[PDB]
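Below is one structure, written out as structure tokens, with a few remarks after it.
Coordinate-derived values only; no laboratory data. Cβ coordinates were reconstructed from backbone atoms using ideal geometry, including for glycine residues, and neighbour counts include every protein chain displayed.
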Amino acid sequence: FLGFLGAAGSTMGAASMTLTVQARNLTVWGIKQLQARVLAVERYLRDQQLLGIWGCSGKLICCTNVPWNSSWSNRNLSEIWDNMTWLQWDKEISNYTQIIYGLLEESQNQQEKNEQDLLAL
Amino acid sequence: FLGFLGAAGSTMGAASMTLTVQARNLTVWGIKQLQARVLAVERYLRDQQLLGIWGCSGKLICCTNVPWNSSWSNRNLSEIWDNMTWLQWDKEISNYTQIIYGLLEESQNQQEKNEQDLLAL
Amino acid sequence: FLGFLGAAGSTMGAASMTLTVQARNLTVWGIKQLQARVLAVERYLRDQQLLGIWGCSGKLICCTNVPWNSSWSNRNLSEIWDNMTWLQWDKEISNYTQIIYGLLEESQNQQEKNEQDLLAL
Amino acid sequence: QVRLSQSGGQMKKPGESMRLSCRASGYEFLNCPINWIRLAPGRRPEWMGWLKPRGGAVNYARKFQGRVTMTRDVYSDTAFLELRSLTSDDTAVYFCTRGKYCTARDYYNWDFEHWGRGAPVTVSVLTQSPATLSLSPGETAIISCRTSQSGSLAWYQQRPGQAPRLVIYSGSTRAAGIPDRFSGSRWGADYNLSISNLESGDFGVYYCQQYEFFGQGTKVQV
Amino acid sequence: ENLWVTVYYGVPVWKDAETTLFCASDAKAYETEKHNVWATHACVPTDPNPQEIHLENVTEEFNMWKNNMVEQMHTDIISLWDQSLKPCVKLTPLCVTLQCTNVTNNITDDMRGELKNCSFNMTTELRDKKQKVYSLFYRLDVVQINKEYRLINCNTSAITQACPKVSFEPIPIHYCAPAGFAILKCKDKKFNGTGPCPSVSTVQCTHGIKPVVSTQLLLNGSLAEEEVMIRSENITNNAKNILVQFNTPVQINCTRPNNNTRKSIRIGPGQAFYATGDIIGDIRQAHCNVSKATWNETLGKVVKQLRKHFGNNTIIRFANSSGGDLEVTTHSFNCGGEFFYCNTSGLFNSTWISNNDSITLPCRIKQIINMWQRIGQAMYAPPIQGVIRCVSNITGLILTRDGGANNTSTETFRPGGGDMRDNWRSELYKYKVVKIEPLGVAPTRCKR
Amino acid sequence: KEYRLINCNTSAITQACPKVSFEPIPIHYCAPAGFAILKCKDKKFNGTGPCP
Amino acid sequence: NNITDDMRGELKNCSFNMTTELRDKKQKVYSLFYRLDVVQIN
Ligand SMILES: *[C@@H]1O[C@H](CO)[C@@H](O[C@@H]2O[C@H](CO)[C@@H](O[C@@H]3O[C@H](CO[C@H]4O[C@H](CO[C@H]5O[C@H](CO)[C@@H](O)[C@H](O)[C@@H]5O[C@H]5O[C@H](CO)[C@@H](O)[C@H](O)[C@@H]5O)[C@@H](O)[C@H](O[C@H]5O[C@H](CO)[C@@H](O)[C@H](O)[C@@H]5O[C@H]5O[C@H](CO)[C@@H](O)[C@H](O)[C@@H]5O)[C@@H]4O)[C@@H](O)[C@H](O[C@H]4O[C@H](CO)[C@@H](O)[C@H](O)[C@@H]4O[C@H]4O[C@H](CO)[C@@H](O)[C@H](O)[C@@H]4O[C@H]4O[C@H](CO)[C@@H](O)[C@H](O)[C@@H]4O)[C@@H]3O)[C@H](O)[C@H]2NC(C)=O)[C@H](O)[C@H]1NC(C)=O
Ligand SMILES: *[C@@H]1O[C@H](CO)[C@@H](O[C@@H]2O[C@H](CO)[C@@H](O[C@@H]3O[C@H](CO[C@H]4O[C@H](CO[C@H]5O[C@H](CO)[C@@H](O)[C@H](O)[C@@H]5O[C@H]5O[C@H](CO)[C@@H](O)[C@H](O)[C@@H]5O)[C@@H](O)[C@H](O[C@H]5O[C@H](CO)[C@@H](O)[C@H](O)[C@@H]5O[C@H]5O[C@H](CO)[C@@H](O)[C@H](O)[C@@H]5O)[C@@H]4O)[C@@H](O)[C@H](O[C@H]4O[C@H](CO)[C@@H](O)[C@H](O)[C@@H]4O[C@H]4O[C@H](CO)[C@@H](O)[C@H](O)[C@@H]4O[C@H]4O[C@H](CO)[C@@H](O)[C@H](O)[C@@H]4O)[C@@H]3O)[C@H](O)[C@H]2NC(C)=O)[C@H](O)[C@H]1NC(C)=O
Ligand SMILES: *[C@@H]1O[C@H](CO)[C@@H](O[C@@H]2O[C@H](CO)[C@@H](O[C@@H]3O[C@H](CO[C@H]4O[C@H](CO)[C@@H](O)[C@H](O)[C@@H]4O)[C@@H](O)[C@H](O[C@H]4O[C@H](CO)[C@@H](O)[C@H](O)[C@@H]4O)[C@@H]3O)[C@H](O)[C@H]2NC(C)=O)[C@H](O)[C@H]1NC(C)=O
Ligand SMILES: *[C@@H]1O[C@H](CO)[C@@H](O[C@@H]2O[C@H](CO)[C@@H](O[C@@H]3O[C@H](CO[C@H]4O[C@H](CO)[C@@H](O)[C@H](O)[C@@H]4O)[C@@H](O)[C@H](O[C@H]4O[C@H](CO)[C@@H](O)[C@H](O)[C@@H]4O)[C@@H]3O)[C@H](O)[C@H]2NC(C)=O)[C@H](O)[C@H]1NC(C)=O
Ligand SMILES: *[C@@H]1O[C@H](CO)[C@@H](O[C@@H]2O[C@H](CO)[C@@H](O[C@@H]3O[C@H](CO[C@H]4O[C@H](CO)[C@@H](O)[C@H](O)[C@@H]4O)[C@@H](O)[C@H](O[C@H]4O[C@H](CO)[C@@H](O)[C@H](O)[C@@H]4O)[C@@H]3O)[C@H](O)[C@H]2NC(C)=O)[C@H](O)[C@H]1NC(C)=O
Ligand SMILES: *[C@@H]1O[C@H](CO)[C@@H](O[C@@H]2O[C@H](CO)[C@@H](O[C@@H]3O[C@H](CO)[C@@H](O)[C@H](O[C@H]4O[C@H](CO)[C@@H](O)[C@H](O)[C@@H]4O)[C@@H]3O)[C@H](O)[C@H]2NC(C)=O)[C@H](O)[C@H]1NC(C)=O
Ligand SMILES: *[C@@H]1O[C@H](CO)[C@@H](O[C@@H]2O[C@H](CO)[C@@H](O[C@@H]3O[C@H](CO)[C@@H](O)[C@H](O[C@H]4O[C@H](CO)[C@@H](O)[C@H](O)[C@@H]4O)[C@@H]3O)[C@H](O)[C@H]2NC(C)=O)[C@H](O)[C@H]1NC(C)=O
Ligand SMILES: *[C@@H]1O[C@H](CO)[C@@H](O[C@@H]2O[C@H](CO)[C@@H](O)[C@H](O)[C@H]2NC(C)=O)[C@H](O)[C@H]1NC(C)=O
Ligand SMILES: *[C@@H]1O[C@H](CO)[C@@H](O)[C@H](O)[C@H]1NC(C)=O
Ligand SMILES: *[C@@H]1O[C@H](CO)[C@@H](O)[C@H](O)[C@H]1NC(C)=O
Ligand SMILES: *[C@@H]1O[C@H](CO)[C@@H](O)[C@H](O)[C@H]1NC(C)=O
Ligand SMILES: *[C@@H]1O[C@H](CO)[C@@H](O)[C@H](O)[C@H]1NC(C)=O
Ligand SMILES: *[C@@H]1O[C@H](CO)[C@@H](O)[C@H](O)[C@H]1NC(C)=O
């Protein structure tokens, strides 16, 4: 272990070795902490809601049936996990993040679980 | 897609095509929003807690081993999903909602997971 | 059913028959309740986060691949579930709770799901 | 730091009345009661009464009721005492005391960790043994006290011409500044105070205490 | 054969802790107009159906003397008293010289005036004109200097008038705990207030506890179940108060004979002071009656329980209060808005050795009070029209024992209870706060 | 002729600050998560009853 | 003090009226203030 955000400067594959550590910790002047610790759990549940609506719910890692479009910075498998950091990576895919999100939440668990609805009728 | 609450006036089967969209978005005068957004996540986690104690946890849809009592508005499969809205439906079953809830939370995951307890000893 | 905390004085095995009932319910002078009901959901999500990082996520019960060390009050299978209450039990294992927690969160889902990472590359 | 500042001593005549003051500082006045205890030479210590700074509530001893009056000034944190119809029996050194444990939540009155300097006034059970103890520096002094009621017992040390200092409370627990050389033990109704490796400062007179009752005292000299 | 760890969520596991409790009142308490009666308005309505669960086989240790609910309730009512007086009328320009005289009566001189007819200058709505108006005040409210008088609180603190809209009448209050926590209740016949409890039950909200401010006597208190109960943190300690709980309630009647007139003088512009006008009828003093028979039996039932802790064959004497502030020495309470202070030398005047009318007690009235040993806040209780009558239950005592006894082997008890936290300990002895930790791991032959 | 302020036997008085302005501002009222606001878009909705 | 005049006072011994606890009576009390705290008029 390297503590919180330990492998931030490490490759994404090596940064995958420390995923559980960063999710773990995450009268006036007394309200300063209240208004903040409320937004903290809202930022948490915003992330868990997104994690739930997708084909995930179960945290840490999960698979999805969405093909990677080449326009989203066409890199190779060994050129990503062994030659790039998450900070450097999120910077490139930042443009397409809002787009990918829409394809995970709508195209998947709305059509995938609906498969079972046709099997349930 | 038809946006939030899109298929409200559509049949329950057709309204099942838009389940993910409604779960996604869901000094004084500044406390007006705080006391409200606190009640929002309490209203959210109340639904997720109920969704967790039942044979669900995983959101959207899930199966249960509870037989539909005929006294609960005896309708046919094709007379429900293709001839009734969720608004029109919940109005009839409103009387038995509290009853069914007790059968999902107590009779199921308390006895169903206890099966594994006898298998674990 | 025996209501909230019903089988507290019953054996741990008999107390396993009532697990779902205790998880279900769980201008000044008006802030007295707000500051409290905020700590309530924080105490809840602290437990749900710990429940998520481990090999659980799904509530109530779950298995783990962690061997029971004999130094942790070496008792027998039949000497625990049929001769001890949860209150009496937690009092002995209280010394090793922080230790066990570290082995569930770190050694497991950080190495167990990482297995899939080597299978995903 | 907790400090009890007493007014000086005085000489009175029989029949007259006397008054003493005691200004507390270093803590919140309203938290815990103040006590008044008289010490006469070669006599069992007498607890007269206590006063709560709260509502000015008081509780005296049988012996003094109708003669004694305790009041206080919350604003100046000063406690007042009055005793009427003075007789030669009244002659003694009067102290104001405060318990050790004294928080906002609760307190324990009778572990007197804090003592005023005392006021010498002249007008003109617990079985403690031995009465006296002549020992050399380096030896070990064993003072004994037999009770009959049980309850947090304390040990005090009085140096020649100085105010008594809390040495031990609860029968086995040392107070602040007390070295390992002082130790307490208990067996049934019996209580033992053991002082190992005697030195100049240790010599004086020692008292055992159970609430408002005191022992007859044990004088340890060089 | 080798065991494996398994996580359980929702197990009956709790630990003693402290949290922020919220309030609860019955619906009818909101439904009654009340206008203002404490801060009960923001309070959550009580669950119509009571929910309780008897924990079989469970034995939990209680401690009424180390209970945090008492401290929280104390500060809650304290902050409540301030919030109830913040938007009220402040009486800063009422510290003018008072040219007072005796009230209209025919007195030998043993009545010692008590009531004073004060005349003084006052600020009207306009800045320019003075106002020569007269009022009526109790002797305990005024003090002469160097006949000219002044308000008794002038070198103490500032002063604010209680609003006529608000009421000090006690309301049943239920204290509840948030999610993740629970309140334990001892349901024993004879729980003397400390240690392990055989029959333990759980509750979300406690029963209706009326926050009655009183000293010495547990006025409008509550009863015990079998034999009268005696609770003390340390009985051998005479510095610790001894809280007594009765089985049968003692019927007492307190009245204010002086039918009064409210005079509404306007300090201005929108602020009005209420002054006592002239009395109509006879000049009599407030008093309280205690059924002699009921009190004799009740004392006789208590003295039989006191022997169980101070020896079977001993003498128990009752004597009045030794001294102190007027509120502690007398029986302090509220009735109909006015604050009475009654002489309890007629109740603790007994001597019990070897095991048809009412007892009346002289009662004084103060309008200027400073309870809870409040600093910087003095409240003036406005005059109340009509004869005030109140009938209540004495269900307990707060006694103190005299020390340095040794020789006689006898005990004398005097009324005390200066601190008001003891008044709450008489209702919260059965309740305590615990936190639920539903996460419990346990080994079994279960692997993936 | 001697006069006085009209509010003297009514109430106290406080002066509006010259910094502040009473000019109406467009205000949008919104609902938190879990709630929603319904809007009638009818040509002739006379203010009560069902909306098409 | 005993000052040549280069000390420029600095410290001032001011006397004034004051409101007591009672409304009616004025209070003639004196205090001490720094020159930077006070300013003379006319
Ligand atoms: C209400 O409620 C409440 C609650 O809920 C309650 O309360 C209560 O109260 C009471 C009164 O106050 C109390 O009682 C008390 O107690 C105490 C304590 O107890 C405990 O302990 C014990 C022991 O002790 C010890 O130890 C401990 C530990 O272990 C500690 O802590 C302590 O402190 C002590 O210590 C000491 O000692 C030691 C040695 O020993 C040393 O080391 C040290 O240092 C010190 O010194 C125990 O034991 C107990 O237990 C018991 O009991 C049970 C039942 O209960 C059982 O089961 C068990 O088993 C046991 O038994 C045993 O013992 C006995 C005796 O005791 C015997 O008999 C038998 O057989 C057996 O063996 C517990 O745990 C105590 O201490 C006390 O006692 C005392 O006192 C009495 C009177 O009061 C008497 O009677 C007795 O007898 C005793 O006396 C004695 O002792 C003392 C001292 O202590 C002295 O002073 C005297 O003199 C005498 O002496 C004798 O003895 C000795 C010994 O043996 C000898 O040596 C000599 O020589 C002589 O002989 C009391 O008891 C309680 O506790 C409470 N509880 C609670 C829970 O908290 C109430 O009550 C109610 N109320 C109503 C009305 O009901
Ligand atoms: C805006 O918007 C809004 C909303 O959105 C609107 O609102 C509106 O308003 C209006 C006005 O105001 C209204 O109207 C009215 O209404 C009423 C009610 O209605 C209902 O009901 C009915 C019945 O009635 C009854 O019943 C019920 C239950 O069932 C109840 O509730 C009631 O109250 C009543 O009761 C009564 O009676 C009974 C018997 O009957 C008894 O038992 C009791 O006791 C009492 O007495 C019903 O019917 C209706 O329905 C109807 O309609 C529908 C459509 O609409 C249809 O679909 C159906 O089917 C029906 O029809 C039927 O009927 C008719 C009649 O009515 C006929 O014709 C036909 O054919 C059929 O058969 C409903 O549901 C009412 O009442 C009224 O009426 C009346 O009035 C009027 C005027 O106003 C007239 O015209 C009429 O005619 C009538 O009259 C009559 O009657 C009366 C009484 O009532 C009288 O008085 C008179 O005289 C007359 O008489 C006659 O008749 C009778 C009977 O038959 C006889 O017997 C006799 O002899 C004679 O002949 C009115 O209509 C409404 O409602 C509302 N709506 C809502 C939603 O709300 C507004 O409008 C707007 N605006 C604008 C501008 O736009
Ligand atoms: C901060 O950033 C620096 C530089 O960017 C990182 O340093 C690099 O770390 C990586 C590991 O993640 C290194 O890659 C590995 O090097 C190992 C060591 O090389 C051995 O052999 C050479 C030659 O004899 C000697 O230096 C020495 O004897 C070493 O023992 C190799 O053993 C590794 O190969 C093995 O592991 C891989 C898996 O990683 C297997 O797939 C292989 O089959 C093989 O078994 C590997 O090559 C790299 O060399 C380091 N230097 C660089 C890149 O310049 C820090 O790790 C990084 N730190 C943090 C905290 O982020
Ligand atoms: C608001 O409410 C209105 C009325 O209640 C709804 O309108 C109904 O919509 C349903 C669909 O949900 C319609 O049902 C379907 O009609 C289709 C169209 O019919 C075709 O053929 C006729 C005759 O030639 C012509 O009108 C035209 O050529 C159409 O192309 C059918 O094709 C459908 O059948 C097929 O689909 C079903 C699945 O739904 C399959 O199971 C079948 O095997 C088949 O392949 C179907 O019958 C209905 O006709 C509409 N009108 C009514 C009920 O009066 C709105 O949809 C609704 N809107 C919202 C947003 O809620
Ligand atoms: C509070 O605490 C008390 C005591 O600690 C508990 O009482 C014990 O409860 C346990 C059950 O949890 C009892 O154990 C069971 O006793 C049953 C009754 O015994 C029968 O037979 C005897 C002899 O003829 C008679 O008394 C009577 O006819 C009874 O009908 C047995 O039937 C049980 O055996 C069966 O069940 C077990 C599973 O539990 C199976 O594995 C067996 O194969 C068998 O089929 C069992 O022995 C115990 O006897 C009670 N008394 C004690 C321990 O002294 C309370 O239950 C507890 N309450 C709460 C709410 O916690
Ligand atoms: C107004 O107040 C005055 C007070 O000055 C009062 O006059 C007083 O009346 C009392 C009696 O009511 C007088 O006291 C008397 O003293 C003599 C001795 O000097 C006694 O002998 C008298 O005893 C008789 O009266 C008692 C009263 O009931 C009986 O109980 C007893 O059996 C005897 O019959 C009595 O104690 C007092 O001297 C006068 N004082 C003066 C200055 O006159 C007056 O009555 C009051 N009037 C009203 C209308 O209130
Ligand atoms: C109170 O304040 C007065 C101020 O008026 C002060 O009297 C003054 O004393 C000073 C010296 O302390 C005098 O200054 C002198 O001026 C003459 C020229 O006129 C010089 O020759 C003097 O020089 C001698 O003294 C110096 C001071 O130490 C030496 O350093 C030098 O070597 C010389 O020996 C000196 O500068 C001033 O004239 C008077 N002023 C008046 C009005 O008398 C007085 O001393 C103060 N007293 C107290 C008790 O504070
Ligand atoms: C206190 O007052 C109550 C009523 O205000 C008294 O109760 C009354 O007792 C008489 C008997 O003398 C009955 O005739 C009445 O019917 C009772 N009234 C009620 C309302 O029950 C009580 O006796 C008084 N007690 C004391 C000590 O003064
Ligand atoms: C991939 O991205 C391009 C834009 O560069 C877009 O035209 C194309 O439709 C995308 N692929 C899919 C399957 O949508
Ligand atoms: C179904 O509902 C009826 C009431 O109409 C009830 O009597 C019956 O018990 C219910 N079925 C079951 C399985 O409980
Ligand atoms: C079990 O506990 C002992 C301490 O008693 C420790 O030495 C040992 O390493 C533990 N077992 C494992 C597998 O860590
Ligand atoms: C837990 O540890 C403490 C000291 O750290 C020890 O006193 C206690 O006995 C231990 N618990 C058990 C069940 O042995
Ligand atoms: C006094 O009470 C404390 C705690 O309430 C207890 O520890 C102590 O033993 C008691 N003393 C006596 C003499 O009972």
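Considering (1) within 17 Å of the chain's Cα centre (by Cα); (2) in a loop (DSSP other than H, G, I, E, B), say which one E:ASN406 fails and leave the rest.
Looking at each condition in turn, E:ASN406 falls short on (1).
Has the stretch D:61-74 got any residue that is within 7 Å of chain E (Cβ to nearest Cβ), charged (D, E, K, R) and buried (at least 22 other Cβ atoms within 10 Å of the Cβ)?
Within the stretch D:61-74, none of the residues are within 7 Å of chain E (Cβ to nearest Cβ), charged (D, E, K, R) and buried (at least 22 other Cβ atoms within 10 Å of the Cβ).
For the stretch C:26-38, give me each residue that is at the interface with chain E (Cβ under 7 Å from one of its Cβ atoms) and either buried (at least 21 other Cβ atoms within 10 Å of the Cβ) or of a type outside the set (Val, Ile, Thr) (or both). Please lay out each step first, then the result.
Let us first name the residues in the stretch C:26-38 that are at the interface with chain E (Cβ under 7 Å from one of its Cβ atoms), namely C:26-30, C:32-33, C:35-37.
Passing the criteria: C:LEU26, C:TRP29, C:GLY30, C:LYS32, C:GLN33, C:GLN35, C:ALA36, C:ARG37.
With respect to E:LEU136, is the statement that it is within 33 Å of the chain's Cα centre (by Cα), among the hydrophobic types (A, V, I, L, M, F, W, C) and surrounded by 19 or more Cβ atoms within 10 Å (Cβ to Cβ) true?
So E:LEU136 passes the test.
Which of the residues spanning the stretch A:6-25 are more than 8 Å from chain C (Cβ to nearest Cβ) and not in a loop (DSSP other than H, G, I, E, B)?
Of everything in the stretch A:6-25, those that are more than 8 Å from chain C (Cβ to nearest Cβ) and not in a loop (DSSP other than H, G, I, E, B) turn out to be A:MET12, A:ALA14, A:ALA15, A:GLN22.
Here is a list of conditions, (1) away from chain F (no Cβ under 14 Å); (2) part of a loop (DSSP other than H, G, I, E, B), and E:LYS304 meets all of them except one; can you say which number that is?
Unmet for E:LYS304, out of (1) away from chain F (no Cβ under 14 Å); (2) part of a loop (DSSP other than H, G, I, E, B): (2).
Please go through the stretch C:50-73 and give me each residue that is more than 9 Å from chain E (Cβ to nearest Cβ) and buried (at least 19 other Cβ atoms within 10 Å of the Cβ), ordered by number. Step through it out loud before you land on a result.
Going residue by residue through the stretch C:50-73, those that are more than 9 Å from chain E (Cβ to nearest Cβ) are C:52-53, C:57-58, C:69-71, C:73.
Across the stretch C:50-73, the qualifying residues are C:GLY52, C:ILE53.
With the condition being away from ligand 1 (no atom under 16 Å from the Cβ) and either within 28 Å of E:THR59 (Cα to Cα) or of a type in the set (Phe, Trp, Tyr) (or both), I'd like the helices (runs of 4 or more DSSP H) fully within the stretch C:38-121 carrying at least 2 qualifying residues.
C:77-80, C:86-93, C:97-105
Going by what's in this entry, would F:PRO26 be described as within 22 Å of the chain's Cα centre (by Cα) and either surrounded by 10 or more Cβ atoms within 10 Å (Cβ to Cβ) or within 16 Å of ligand 9 (Cβ to nearest atom) (or both)?
No; evaluated as a whole, the condition is false for this residue.
Looking only at the stretch D:139-155, decide whether some residue is surrounded by 15 or more Cβ atoms within 10 Å (Cβ to Cβ), away from ligand 8 (no atom under 16 Å from the Cβ) and of a type in the set (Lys, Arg).
yes
State whether one or more residues within the stretch E:344-367 are buried (at least 19 other Cβ atoms within 10 Å of the Cβ), in a loop (DSSP other than H, G, I, E, B) and within 13 Å of chain D (Cβ to nearest Cβ).
Within the stretch E:344-367 (the criterion being buried (at least 19 other Cβ atoms within 10 Å of the Cβ), in a loop (DSSP other than H, G, I, E, B) and within 13 Å of chain D (Cβ to nearest Cβ)), the answer is no, since none of the residues qualifies.
Tell me whether the stretch D:151-164 contains one or more residues that are under 21 Å from D:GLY118 (Cβ atoms) and among the basic types (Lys, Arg).
Yes.
Scan the stretch G:1-19 and report the pairs whose first residue is within 12 Å of G:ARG35 (Cα to Cα) and whose second residue is basic (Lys, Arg) and more than 16 Å from ligand 8 (Cβ to nearest atom), with Cβ atoms within less than 8 Å and a gap of 6+ or a chain change.
Note: pairs meeting the criteria are G:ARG8/G:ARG35; G:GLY9/G:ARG35; G:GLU10/G:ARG35; G:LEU11/G:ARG35; G:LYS12/G:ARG35.
With respect to A:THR64, is the statement that it is touching a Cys at 6+ places or on another chain (Cβ under 9 Å) and away from ligand 6 (no atom under 16 Å from the Cβ) true?
yes
Of all strands (runs of 3 or more DSSP E) completely enclosed by the stretch E:140-200, which ones contain at least 2 residues that are within 11 Å of another protein chain (Cβ to nearest Cβ)? I'd like the intermediate steps shown before the answer.
Values: elements: E:142-144, E:148-151, E:159-161, E:181-186, E:194-197.
The qualifying strands (runs of 3 or more DSSP E) are E:148-151, E:181-186.
Are there any pairs with C-beta distances below 9 angstrom linking a residue in the stretch E:249-265 that is within 14 Å of another protein chain (Cβ to nearest Cβ) and more than 10 Å from ligand 8 (Cβ to nearest atom) to a residue that is of a type in the set (S, T, N, Q) and not in a loop (DSSP other than H, G, I, E, B), with the two at least 6 apart or on different chains, and if so which?
E:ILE265/E:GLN131; E:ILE265/E:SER135
So which of G:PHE33, G:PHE16 ends up being under 30 Å from E:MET122 (Cβ atoms) and among the aromatic types (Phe, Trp, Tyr)?
None of the other options fit; the residue is G:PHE16.
Would you mind stating whether F:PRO32 is over 22 Å from the mean Cα position of the chain (by Cα) and either under 30 Å from B:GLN22 (Cα atoms) or of a type in the set (S, T, N, Q) (or both)?
Working: over 22 Å from the mean Cα position of the chain (by Cα): no; either under 30 Å from B:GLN22 (Cα atoms) or of a type in the set (S, T, N, Q) (or both): yes.
When the stated conditions are applied, F:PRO32 does not pass them.
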